[PDB]
Every structure is written in structure tokens, then in C-alpha cells.
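This report refers to the structure that appears directly beneath it.
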There are 2 protein chains.
Amino acid sequence: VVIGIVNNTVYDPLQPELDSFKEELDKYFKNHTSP
Amino acid sequence: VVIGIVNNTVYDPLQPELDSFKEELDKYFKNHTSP
Ligand SMILES: *[C@@H]1O[C@H](CO)[C@@H](O[C@@H]2O[C@H](CO)[C@@H](O[C@@H]3O[C@H](CO)[C@@H](O)[C@H](O)[C@@H]3O)[C@H](O)[C@H]2NC(C)=O)[C@H](O)[C@H]1NC(C)=O
Ligand SMILES: *[C@@H]1O[C@H](CO)[C@@H](O[C@@H]2O[C@H](CO)[C@@H](O[C@@H]3O[C@H](CO)[C@@H](O)[C@H](O)[C@@H]3O)[C@H](O)[C@H]2NC(C)=O)[C@H](O)[C@H]1NC(C)=O
Ligand SMILES: *[C@@H]1O[C@H](CO)[C@@H](O)[C@H](O)[C@H]1NC(C)=O
């Protein structure tokens, strides 16, 4: 509905603030499921 | 001590904000943690 709305390879604002949570979580499950 | 207060669950969006990737995980863990 809004005019002038722009586009790029814009990441969601949701993930970069919570990178230290979800990225560490995914890395921990990947390390646990690797062997 | 507050007067005129009614009973209902609290309402302002922080729970779906940071737990966007976790509320679905909470629903999945409802069959794991609770029983
Ligand atoms: C700004 O970006 C959003 C998200 O990338 C765009 O939403 C996209 O909307 C189109 C149509 O509603 C969806 O299909 C696309 O159609 C165009 C034209 O047929 C085509 O060139 C694309 O390859 C694609 O098939 C598209 O799936 C949807 N994007 C996502 C991720 O779901 C929005 O249109 C963009 N706006 C402008 C002004 O660039
Ligand atoms: C919303 O919460 C209030 C307060 O818990 C409910 O009021 C009911 O009536 C009185 C207070 O107005 C409560 O009695 C007191 O409660 C304490 C526990 O906090 C208990 O140790 C004593 O029995 C004391 O007399 C009463 O327990 C409380 N009812 C319940 C079920 O907690 C009100 O009913 C609640 N509203 C809804 C829709 O749940
Ligand atoms: C509002 O005023 C009326 C006037 O009698 C009173 O009965 C009522 O208890 C008041 N409301 C509250 C929440 O105290």
C-alpha cells in the first residue's frame, strides 16, 4: 500500500539483533548432530 | 494495591518479537517439555 517503498538484498531486521542467539543455537545443534 | 484493575493476560508485542523463531519451537517443545 505504501508508495516509494524500496528493495535491495535487505535482510529482515529480525535476525541480526538475535544473531548471537539463533546462530549459536544452530551451530550447537549442528555440532551435536555431527557425530 | 492498584484500584480498578481487571484480570486478563498482558498485551503488548515483545513475546512474538524476539521469540519469532522460538514460539514455533515452544509449540514443538509443548509435546516434549510438558509431558
Ligand atoms: C520488493 O520486494 C518484494 C520481495 O522480494 C517483492 O515481492 C514480490 O512480489 C512479486 C509479485 O507480487 C512476486 O512474484 C514476482 O513477480 C515479478 C513480476 O512477475 C517477477 O519479476 C519476480 O521474479 C517474481 O516472480 C515475488 O514472489 C515477491 N517476492 C517474494 C520474495 O515473495 C515486491 O514486488 C518488490 N517490489 C518492487 C517494487 O520491486
Ligand atoms: C483475577 O485475579 C483475582 C485475584 O487473584 C481474582 O480474584 C479472586 O478473589 C479474591 C481477590 O479478589 C481472591 O482471594 C484471595 O486470593 C489469594 C490468592 O491470591 C488467596 O490466598 C485467598 O483465597 C484470598 O482470599 C481469590 O482467590 C481470587 N480468585 C482466584 C481464582 O484467584 C479474580 O477472580 C481473577 N479473575 C479471573 C477471571 O480469573
Ligand atoms: C464508579 O462509580 C459508581 C458510583 O456509585 C460506583 O458504584 C462504582 O463502584 C465506581 N467504579 C469503581 C471501579 O469503583
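Residues in the C-alpha cells are named by chain (A, B, ... in the order shown) and by number from 1 within that chain; ligands are numbered from 1 in the order shown.
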
* Can you tell me which residues come within 12 Å of ligand 3 when counting only C-alpha atoms and all ligand atoms, ideally as a list in words? => residues 2, 3, 4, 5 and 6 of chain B

For the residues in the current selection, export N, CA and C atoms as a PDB file, in the first residue's frame.
```pdb
ATOM      1  N   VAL B   2      -3.357  -1.533  43.494  1.00  0.00           N
ATOM      2  CA  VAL B   2      -3.981  -0.722  42.457  1.00  0.00           C
ATOM      3  C   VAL B   2      -5.483  -0.981  42.442  1.00  0.00           C
ATOM      4  N   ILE B   3      -6.258   0.071  42.201  1.00  0.00           N
ATOM      5  CA  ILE B   3      -7.714   0.010  42.247  1.00  0.00           C
ATOM      6  C   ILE B   3      -8.263   0.011  40.829  1.00  0.00           C
ATOM      7  N   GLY B   4      -9.351  -0.727  40.618  1.00  0.00           N
ATOM      8  CA  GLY B   4      -9.974  -0.808  39.315  1.00  0.00           C
ATOM      9  C   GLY B   4      -9.323  -1.776  38.356  1.00  0.00           C
ATOM     10  N   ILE B   5      -8.359  -2.570  38.819  1.00  0.00           N
ATOM     11  CA  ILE B   5      -7.646  -3.480  37.936  1.00  0.00           C
ATOM     12  C   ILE B   5      -8.519  -4.693  37.636  1.00  0.00           C
ATOM     13  N   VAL B   6      -8.511  -5.126  36.380  1.00  0.00           N
ATOM     14  CA  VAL B   6      -9.247  -6.304  35.958  1.00  0.00           C
ATOM     15  C   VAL B   6      -8.249  -7.416  35.647  1.00  0.00           C
TER      16      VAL B   6
END
```

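Least-squares superposition of chain B onto chain A, taking every C-alpha atom paired in order, leaves an RMSD of 5.1 Å.
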
* Which of chain B counts as helix (DSSP H, G or I) under DSSP, as a list in words please? -> residues 15, 16, 17, 18, 23, 24, 25, 26, 27, 28 and 29 of chain B

* At most 12 Å to chain A: residues in chain B, only C-alpha atoms, as a ChimeraX atom specification -> /B:16-22,25

Restricting it to C-alpha atoms, dump the selection as a PDB file, in the first residue's frame.
```
ATOM      1  CA  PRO B  16       6.448 -12.696  19.274  1.00  0.00           C
ATOM      2  CA  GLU B  17       9.250 -10.177  18.630  1.00  0.00           C
ATOM      3  CA  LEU B  18      12.371 -11.985  19.868  1.00  0.00           C
ATOM      4  CA  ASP B  19      10.783 -15.467  20.018  1.00  0.00           C
ATOM      5  CA  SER B  20       9.686 -15.470  16.363  1.00  0.00           C
ATOM      6  CA  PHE B  21      11.949 -18.476  15.745  1.00  0.00           C
ATOM      7  CA  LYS B  22      11.177 -19.790  19.255  1.00  0.00           C
ATOM      8  CA  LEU B  25       9.917 -24.153  18.847  1.00  0.00           C
TER       9      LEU B  25
END
```

* Asked: So how many Å separate CA of residue 33 (chain B) and CA of residue 27 (chain A), to one decimal?
  ->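 So the answer is 22.1 Å.
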
* **Atomic separation - CA of residue 1 (chain B) relative to atom 32 (O, counted along the ligand's line) of ligand 2, Å** =>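 That distance, rounded to one decimal, is 15.5 Å.
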
* Asked: Suppose you want the space between atom 11 (C, counted along the ligand's line) of ligand 1 and CA of residue 10 (chain A); what is it in Å?
  ->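 If I compute the distance from atom 11 (C, counted along the ligand's line) of ligand 1 to CA of residue 10 (chain A), I get 16.8 Å.
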